[PDB]
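Written below as structure tokens is the structure these notes are about.
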Amino acid sequence: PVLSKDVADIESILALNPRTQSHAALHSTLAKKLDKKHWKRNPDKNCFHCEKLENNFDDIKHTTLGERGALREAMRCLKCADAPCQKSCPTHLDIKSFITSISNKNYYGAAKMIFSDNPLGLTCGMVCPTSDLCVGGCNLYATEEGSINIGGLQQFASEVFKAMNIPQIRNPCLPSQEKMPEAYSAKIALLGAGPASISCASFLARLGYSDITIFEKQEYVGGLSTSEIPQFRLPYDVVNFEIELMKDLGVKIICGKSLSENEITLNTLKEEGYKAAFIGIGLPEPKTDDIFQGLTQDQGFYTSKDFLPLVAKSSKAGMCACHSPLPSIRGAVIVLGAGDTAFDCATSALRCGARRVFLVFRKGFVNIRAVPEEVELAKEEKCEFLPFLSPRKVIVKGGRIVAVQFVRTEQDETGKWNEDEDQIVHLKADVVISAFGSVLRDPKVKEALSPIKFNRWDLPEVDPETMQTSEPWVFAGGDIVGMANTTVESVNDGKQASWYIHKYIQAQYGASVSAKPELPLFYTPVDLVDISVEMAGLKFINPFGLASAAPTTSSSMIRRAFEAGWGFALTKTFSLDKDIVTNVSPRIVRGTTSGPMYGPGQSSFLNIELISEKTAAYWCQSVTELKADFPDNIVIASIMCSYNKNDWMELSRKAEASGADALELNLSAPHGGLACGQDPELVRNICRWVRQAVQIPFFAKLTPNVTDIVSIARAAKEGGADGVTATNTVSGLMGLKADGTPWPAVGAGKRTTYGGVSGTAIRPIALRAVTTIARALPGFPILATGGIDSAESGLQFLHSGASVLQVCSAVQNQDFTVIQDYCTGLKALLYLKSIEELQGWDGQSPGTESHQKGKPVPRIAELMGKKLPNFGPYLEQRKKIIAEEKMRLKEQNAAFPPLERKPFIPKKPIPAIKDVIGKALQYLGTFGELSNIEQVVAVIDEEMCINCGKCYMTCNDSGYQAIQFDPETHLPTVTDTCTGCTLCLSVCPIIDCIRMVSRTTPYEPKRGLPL
Amino acid sequence: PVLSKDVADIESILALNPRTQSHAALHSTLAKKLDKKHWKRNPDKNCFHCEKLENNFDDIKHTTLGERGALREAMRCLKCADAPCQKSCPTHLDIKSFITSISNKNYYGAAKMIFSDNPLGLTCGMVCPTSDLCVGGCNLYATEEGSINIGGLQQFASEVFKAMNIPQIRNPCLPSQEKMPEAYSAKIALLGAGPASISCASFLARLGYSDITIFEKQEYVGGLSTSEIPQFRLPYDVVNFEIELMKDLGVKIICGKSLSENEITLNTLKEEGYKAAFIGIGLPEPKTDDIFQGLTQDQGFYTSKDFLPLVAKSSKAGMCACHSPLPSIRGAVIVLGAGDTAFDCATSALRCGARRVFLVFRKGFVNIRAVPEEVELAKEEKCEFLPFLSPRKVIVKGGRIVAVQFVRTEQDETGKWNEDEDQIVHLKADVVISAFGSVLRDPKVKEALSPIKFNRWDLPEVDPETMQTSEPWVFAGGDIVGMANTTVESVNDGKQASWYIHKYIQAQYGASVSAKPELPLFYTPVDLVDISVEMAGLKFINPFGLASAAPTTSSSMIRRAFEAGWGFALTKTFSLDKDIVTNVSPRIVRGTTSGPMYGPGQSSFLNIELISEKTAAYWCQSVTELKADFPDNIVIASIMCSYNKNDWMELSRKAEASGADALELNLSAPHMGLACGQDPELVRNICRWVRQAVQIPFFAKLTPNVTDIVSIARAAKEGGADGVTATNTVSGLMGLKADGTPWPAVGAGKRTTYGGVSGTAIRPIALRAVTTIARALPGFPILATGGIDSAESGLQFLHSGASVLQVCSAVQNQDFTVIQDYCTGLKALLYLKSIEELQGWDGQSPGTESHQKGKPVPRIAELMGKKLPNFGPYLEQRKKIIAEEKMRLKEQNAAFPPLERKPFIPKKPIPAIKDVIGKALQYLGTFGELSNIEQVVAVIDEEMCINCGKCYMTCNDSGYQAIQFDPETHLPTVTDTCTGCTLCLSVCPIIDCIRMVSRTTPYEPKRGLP
Ligand SMILES: O=c1cc[nH]c(=O)[nH]1
Ligand code: SF4
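Those protein sequence lines, which keep their order, are chains A and B.
Numbering-wise, the first sequence is residues 3 to 674, 681 to 1019 according to full-length UniProt numbering.
Numbering-wise, the second sequence is residues 3 to 673, 680 to 1018 according to full-length UniProt numbering.
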């Protein structure tokens, strides 16, 4: 037949494959109106109709991220200097550092950063009104694509850390507590177990106090995070996780005991030997309207303090022993108020069965107090909003509310709010929920706080810098102070107080504290992991070092790198005076290797820079200064000579006499390829010359621009080198302007020369070079360089036979502080190798569960395998099915078993660096050692698919035409003609939506004709 | 001194540099509350006052993109198969293709795609309610980051094309005007110069009709795009630009003529010899309420039909000859309605000086019919919204409105709407604008359409598939038909009608048309540019071909590539039967060369694939078939043998005998490396054997994995090759999982071997190889391979000395249709070299100018030199400066210097491919040939800066500590210690914010010691 034509079955496979177009298409406006329905993803503006939410407490946050989404968004962040988002965070989170960690897949280091400054970091990531806080200051607001989703990123890293089930540990800088000063045994009382006291108690325990007790009124802990914030925004297991992290530090919590006359008072505390007290009881009473006096829940009237804890008790497994019936809230519901309380009452009422919800405001839309994020959740669930109304009468008939009468409110010229008596509204409703806010109005609670001063708002007065009340041993924070209105500011109040409580207690025991506040960071057992490594007789405190490059232009720069934590550093390559060089400009440019993406995370640079412009005398003196000040940090002098025996011995002896721990020989000088590093005989002789001249170890820095880099490495070993640095830059031309001129272009003539490519774009070249050397010359020390930009990629190089890791381009893309990310990331990766329960993870990445847009898909029988993509009529069918399950799960009200949280324990010793070096090399082989019997095929998880057809298009025009793409559902199916080439997996936007599995059917290679 | 320590001056410059912190920070809640306001970028929820907008008609669209933002968003689009965004677009725009073109910097090809299906492509990008159309179908809605900004991308590409000032041309597929059949001179009339008629006339002109007249009532053209849609959403120069493209086709517009019983009627048109008519007059009258009859504008009452045209005429330069004043709208304004019209009245009233605006509507918020995009503009400008209110009477005192009395409305059991007489709102107001919608009511207009049938809605009845009325020669579309809600649906109405008008006219002249409607595309002189090239005695219809790789796995794929338009193709490498290979799996994986970014635009792939698993007989038969069916497309047979003279001669003769235009020798076989292609002696011998065996040209495919690729290129030439392909893949390992297992991992043993890296990550290596071969062997044909993914990158290889361009990974990332992007993009790059007025562009990219969020910075004397970043109290000061000049601009009032938009003409010959090949080599040389006297320094454009400090951080930890970063404004300044290394420019997220300029102060290399 015609071999180069598709048979009919393939032609039909290809039916939806893209084709070039020679005419404009004709589609009538009516046909287009009818077709639009089928593909619709987003809310339909014409839908007056809210879908059913009864008993549906699934996550509704727009900000929740999965790993795929988190990685994309962390890479987008500019990671700014002196960042304005951190300025705008009330707990001063180092957002730049934690987002950097996320971008490098170091979720532990990110979470550690987060919890060091905010012990409720996961709660805050979910509930912070970021548009009025950190995100409000984000520099990327100045771009069309907009500000960073900081809260969703914070939530993601904290959720991953929660899943690792690692405990908090006592501050490892402290002495053993037997040898702590008596002052740290002072009895400390905190009142109320909400965010403020949890934060305060956490920071005090970090400081070393061993007798800290939170007295909580209720039977449950967590404050409003537990009793009122809905489960569909803040899951209760988050609160429990943060509480258990506190209790890891020894904080005790006693429920059932109140700050109140005839119970706990400041007097009883003092008489019982408590030395300090923190008041964190919040605002316990609802703000009331006299109009509603006498109305009962039986009639359908609630305050927010009645209603929200009723919903929480029935929806938060682990709050009570009670399995509360969800309140039956049938009919029309009036919610009064314009803060967070009102909007959570409105969405919660829908979960209780409300038919319609009215949010009524005394003022206008311009005056809502909740942030636009929280408003949007009520708007998208079709709550109705009624401005400029003040309630006047409630109509009760038949024992139940049937209506509320309102009057119109207005402003005048002076801007005073009047009520117009003749302008009334009669609104039919079955349930009324007042959500005006909260107050402190309990005389017995205020009496228990005698004798502290209260202000005009009848709240305890504090110094806003120290949180101290008018009694020096009594501090206060959170909602009770009437300044904070957010979880993060309540957390910050307790943070601020902890330092000055510490100051006060220490002073009572006759001890001073430092004038500069110094609260400890957050620690786990991961931080005790040893990441030192020995190589060629040198001891490295960690395997990360600065390559000989632009970040080591000046020795002052190395000094700051050592102060930041870098384990070692190379000098910029230097030479004898007679070889002094002069740079041109421009000389370092961004790579075009990943398209027109500007800013953070450039995939390469190209440079036409020479060796150091600074003198050997400068470098030799600098090496002596750096080694005197940083004896545990390895300093390697990089040096270059022309092919001259006297020159190489003179220079190498000068560098050794300066005190360098080792030398690195830059083999780039030309001679007679062209560079000495490209000729094995020249490399052997240079190494022999240097070996005769010095006694300290030295390493030959190899170029990758050679046919056989193993032969160059072997030559250096034969000549006496103690190791090799693999590799220098790859020779390239980065591109041309459309007029043909180069970049970089030097002078009026716009000239250039070939430069060196660095960064992640050359990492496959460097990894292969390290691997081939490590396999051909086993045990010969390798210092790796080329695209290392994270602990994860560093570990790939260690696994491939490198002992230590040089970095340049990742610092050019950022700054020296990436070292803290690399060190915490390597500790975490090694630590997790000891945890049996996490063996399904890939490093710090949890096994990918079936999810849509960061949220797990409901595991429902009738929802699975029914060909229901997430659009058009199929989505409405999924909603129906989800709604029907939620109702079924209601009529049977069992299942309250929230697992008790217990940390995982290492089951083997934590590997050291020496344990992982070279351990991936066994998997490498020749092609003849790869099985062609054990073939695979692709398989697609339709629940994760976002219907783009990229797998189909890649198999059609780059593969085997083996995927069926459904014209109505846009769901792909791999068929039996798959060859397992794996291109589809490689182009799919969803991580792990496509998997390769063992082929179970007979396999025949497609040969076209016989043989 | 201590050389390794910073002196006090440098320690001061480093003050804001990041440092690893040792402790948790202490900052009181009060202090944080005060400091927050200094850095604030976005709206403050606590601010209830509108920022004053009087006479401010600057663009307020959230969707507008500059080039930097457009490139990011276009790379993000998945470019989907059977894309649902296109299904949800009423004009069926190929969104996948035009967005692909933008991502490849081919803005001409994008614009051509847009205007091919939508002749108002720029208007629609600006004003489409995309959440109810294309964007509402976007697959990326299923991701956290969300749907693609399709309209903003459409707007960006069309705006660049508008700036190129290139005209539309007559359909080049048509016969000369001389030889057109008589039917195409039929006199055609269109009524109304709005979107519907502009579209219909445009498509009729494309089909070849030469006598098309649009009759417009007003003295201005463009319909509601001109008369009512505000200048701050749709600038008038967009309308003018789209009209002039239509006029390029010969469509005539006559203003001051109306369809009305006493002027133009269907009868008079028939009497005058018009053979077809299209009714596109829209809905000319406002819908009114009895409650407002008698009220004048001087009493404070307007309809939207009265108000919005007054604001348009005053704010749209060139819309009228009469310069006219902005309406005097003072005090509180009530706008009645909840559609597009009402929200435009509300925002336009703030431009006229309103103190307060109430949008009042009779149903609830859930009932608002404008799209959320439109609502948000009024909300962000602090308009108040009053639901459930219906007007009952207007209070007039002293000759002017003082208040409107409303009654509350509600929804009962049925859902039917009631009015509550006892429940009243007395709302003070000085101005009332009714924006209830629009109707056709004029009896003289309706009588002029006799005798076509109207429907119960009192609108002309049409067949919804043909747009034909009850009279066969009269069609209608747009708002007048009552289906279209939007500019794009009106455009599509005219597009639909044009085919069936064409069908009717042809049949009236005794001619049939195709059973399948076939409207022509949009054409410009760019499309006539010749991009053919000769190389090694072979003629290539274009320089783009498929590399020997996975896209040529089967000859049926090469067939579809040729049908798509690819100039040439390589077979997958094949061998003799005895050398039959068997592939393993998995064997092709995504690159990790640009981090964890999945989906489109992978920066590399790695493969451990072998040569073809299909036999020589299959490939030889297939080459014969392909050369039979595509004689003008070049087919190159890729072949490989072991180091055996008889084998290479046998296989090359078999491929030659099949009809291959040329052979490509794959030198990857094992025999200073282990592959034949790594040793010049072996390459020279292999080429010699093949040269003795065959007479057609052959090319040696060179590996980059060699010390000196010139040596193996010269060996191929010495052996008799007619050229070389540079280059094959780079040897690499793409990475390991955290447990040490590799990817790809083959079998239960999880084994791998070294693979070949392809894609954009290897482009610097391939460009180096091509340029160095072209300099060493001048004139020797080079076929380039490695990271070619656009016409722009292809042109870099032609400039580097290649003649033709092989592609693999860009197709793996997409599909065969990228060839159309490559071809139009290369035509555009060559065409633009002939346009003197555009010499300051870089290819298709206009010269970047001061912008923030892709919107031009106002060049006002008071805003500049004045250290005002776009945040906190500085932003307030900027908006207070801007607002005062807008008021000053209300008086310093000009609108009488527009610009006759005349297209740029080539003023030099358009280069052929042969004219550009090798032209970059003149700039390449040794390091010694670079000047070290002509040094540069960095300079930052503060108006474009977004205050991230990345320049500062890079100079601090990778440079010369030469940048000051201000602690209060977060603005950087380059100081005199700059060395011009250029790292800061290279990391800045804003294109062209940092510039390198010639050093003017004395230059001294920093030596450390003397
Ligand atoms: O060895 C060197 C010197 C300058 N630039 C590089 O990339 N490598
Ligand atoms: S990197 Fe660019 S945007 Fe950022 S501060 Fe520097 S000049 Fe401004």
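Ideal Cβ positions, reconstructed from N, Cα and C, are used throughout, including at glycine.
In this structure, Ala-279/B keeps its C-beta atom at 8 Å or more from the C-beta atom of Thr-31/A. Taking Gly-355/A as the centre and dropping the five residues before and after it, the same chain places the C-beta of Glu-56, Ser-330, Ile-331, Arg-332 closer than 7 Å to its C-beta, in chain order. Around the Cβ of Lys-894/B, a 10 Å sphere holds 16 or more other Cβ atoms; the residue is buried. In this structure, the C-beta of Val-362/B stays at least 7 Å away from each heavy atom of ligand 2. Closer than 8 Å at the C-beta level to chain B, one finds these residues of the stretch 905-933 of chain A: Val-924, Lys-927, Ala-928, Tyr-931, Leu-932, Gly-933.
Taken in chain order, the complete beta strand (DSSP E) segments of 3 or more residues contained in the stretch 880-960 of chain A are 944-948. Interface annotation, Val-591/B: in contact with chain A, CB-CB separation under 8 Å.
In this structure, DSSP gives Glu-386/A an extended state, which the three-state scheme calls strand.
Taking a Cβ-Cβ threshold of 9 Å, none of the residues of chain B is close to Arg-332/A; the smallest such distance is about 16 Å.
Within chain A, the C-beta atoms nearer than 7 Å to that of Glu-386/B come from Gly-366, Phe-367, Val-368, in chain order. Collapsing the DSSP output to three states places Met-1004/A in a strand. Residue contact check for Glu-951/A against chain B: no CB pair falls below 8 Å. For the pair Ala-380/A and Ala-340/A, the CB atoms are not nearer than the 8 Å cut-off. Under the 8 Å Cβ criterion, the stretch 550-566 of chain B does not count as touching the stretch 729-749 of chain A, having fewer than three qualifying pairs.
For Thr-228/A, same chain residues with a beta-carbon under 8 Å away, outside a window of 5 residues either side, are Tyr-222, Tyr-238, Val-241, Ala-314, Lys-318, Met-321 in chain order. For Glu-627/B, the enclosing alpha helix (DSSP H) covers residues 618-631. For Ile-704/B, same chain residues with a beta-carbon under 6 Å away, outside a window of 5 residues either side, are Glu-658, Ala-664 in chain order.
In the pairwise beta carbon analysis, the stretch 167-179 of chain A is classified as touching the stretch 196-215 of chain A: at least three pairs are separated by under 8 Å. In this structure, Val-483/A sits away from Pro-197/A, with a CB-CB distance that is not shorter than 8 Å. Each of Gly-787/B, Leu-785/B, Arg-776/B, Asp-84/B was checked against the Cα of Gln-804/B, and the nearest Cα belongs to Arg-776/B. Contact between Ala-351/A and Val-335/A holds, since their C-beta atoms are separated by about 5 Å, short of 8 Å.
In the three-state reduction of the DSSP assignment, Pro-466/B falls in the coil class, being assigned neither a helical nor a strand state. Chain order gives the chain B residues near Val-4/A as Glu-627, where near means a beta carbon separation below 7 Å. Listed along the chain, the chain A residues whose CB falls inside 7 Å of the CB of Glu-615/B are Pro-1013, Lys-1014, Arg-1015.
For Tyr-304/B, the pairing in a beta bridge is given by DSSP as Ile-435/B. Secondary-structure assignment with DSSP links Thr-793/B through a beta bridge to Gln-814/B. Chain A has a Cβ within less than 8 Å of the Cβ of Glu-520/B. Residues of chain B whose Cβ lies closer than 8 Å to the Cβ of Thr-555/A are, in chain order, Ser-966, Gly-967, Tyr-968.
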